[PDB]
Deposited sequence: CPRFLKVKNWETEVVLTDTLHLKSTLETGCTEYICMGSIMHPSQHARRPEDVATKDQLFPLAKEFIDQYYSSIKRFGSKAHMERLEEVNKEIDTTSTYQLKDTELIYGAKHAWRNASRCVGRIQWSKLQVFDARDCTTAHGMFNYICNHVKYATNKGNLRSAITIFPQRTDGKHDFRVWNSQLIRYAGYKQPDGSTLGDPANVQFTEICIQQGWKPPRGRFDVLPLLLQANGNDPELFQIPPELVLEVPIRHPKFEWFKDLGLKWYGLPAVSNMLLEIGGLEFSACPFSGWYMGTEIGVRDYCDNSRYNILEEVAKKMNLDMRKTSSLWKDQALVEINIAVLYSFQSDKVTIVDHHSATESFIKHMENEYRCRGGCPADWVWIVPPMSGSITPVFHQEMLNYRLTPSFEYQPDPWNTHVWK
């Protein structure tokens, strides 16, 4: 039945009806909540009710539920699953399904933008060279000389499971990481294993601190192939600080385009194992997690040193002070280079506004508090104080296994 969510700062109460339409599991039970677990836990027979569900909500979104167009589409889809064990989405259904997978992404604070999404149909692709051409067009389009535009590129759906299209990179643009003889790590420590697979596949590493990784692209289940993104397509930002002139001497930079390439798009029971999507950054993604996680670039110690902070005891909050300055620098840098970025105060503001929109016009908004609240300054943002209900609506983005754990090579 109906569920209420309260904001404890503004005392606004919203009423959720939309959760009655979910079916996929959350991972919780009545006795155990798994809200902080990151990853909890086809045939003709399973496929038709899923397709029927999706076709039903599409024709209901365009105000033609039960129409003649609706009926023939259900019939069309029915006979296609019969003869081929799958079916193909219309262009309009593809675009609607991709926008709603974003709209339904409970962990995304950026969803106020959900309906401004440029959808690139790449379902005619057959080879890794074709994938690379499609991916370059995406990157060029989404980057737009710093005026970033949300986009998704959708490669052919899964068939028998042995001819998957996959982007092996977890993101389209990432820096390499290198295991050093002495024990430490040059570059990004999260990408050490992927970097090794690229080297093992023939990539010549410059062994620097910000080496853009090549694309490793698998088409139709074949061995993946390496490709270099042309450098003029990779927009980067040197990180400097408005007051600390020594900050540029740290030599830090980052790329402007965040582009997730390892997730699975599910629409009406069809599985798109390669659907790279991109938006623009929230400042904390770079300044808190990328630079200050102990298992990432891990620069807090250096910054606090140049800040001459007393680092002998934790209760001086030297880590918290250094962390704010780093995030000031990131926002100042992207803004000075006219590269789209949002700070966590503005992003969480917009998300509360989005939530209000969705409850009014849709009857709810699935939202994952554990991911929505920013990784710094939590309670001075409005989402800290916002109760949220998490539930799984489809179309959706899902996690899938890494391809180097399942691919049987030549």
| item | value |
| --- | --- |
| Missing C-alpha runs, given along the deposited sequence, first residue counted as 1 | 1-2, 44-52 |
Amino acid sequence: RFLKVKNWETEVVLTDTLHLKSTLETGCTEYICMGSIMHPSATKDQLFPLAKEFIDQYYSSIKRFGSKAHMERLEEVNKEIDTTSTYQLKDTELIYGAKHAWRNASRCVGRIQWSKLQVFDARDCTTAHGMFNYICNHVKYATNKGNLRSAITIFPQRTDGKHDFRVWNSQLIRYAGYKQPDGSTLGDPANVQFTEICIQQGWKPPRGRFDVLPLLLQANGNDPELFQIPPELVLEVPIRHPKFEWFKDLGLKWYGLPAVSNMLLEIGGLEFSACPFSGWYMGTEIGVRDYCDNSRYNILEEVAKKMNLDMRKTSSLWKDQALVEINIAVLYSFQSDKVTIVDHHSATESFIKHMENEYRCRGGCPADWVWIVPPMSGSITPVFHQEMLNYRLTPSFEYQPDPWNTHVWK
From here on, numbers count along this sequence of modelled residues.
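Only the largest set of C-alpha atoms that superpose within 1.5 Å between the two forms is called the rigid core.
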property	result
Rigid core superposition result in 8 other deposited structures of this protein, more deviant of 283-291, 219-227 by Cα	283-291
Between stretches 297-305 and 70-78, more displaced by Cα RMS in 8 other deposited structures of this protein (rigid core superposition)	297-305
Given 276-284 and 314-322, the range whose Cα B-factors average higher in the PDB entry	314-322
Mean C-alpha B-factor comparison - 47-55 and 360-368, higher one	47-55
Out of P258, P189, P231, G268, highest CA B-factor residue	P189
Top Cα B factor in the deposited entry, candidates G251, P156, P214, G146	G251
Third of the chain, ranked by Cα B-factor, where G130 sits	lowest
Within-chain third of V12 by Cα B-factor, per the entry	highest
Ranked against its chain, the third holding the CA B-factor of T348	lowest
Assigned third (lowest, middle, highest) for the C-alpha B factor of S36	lowest
CA B-factor ranking of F244, expressed as a third of its chain	highest
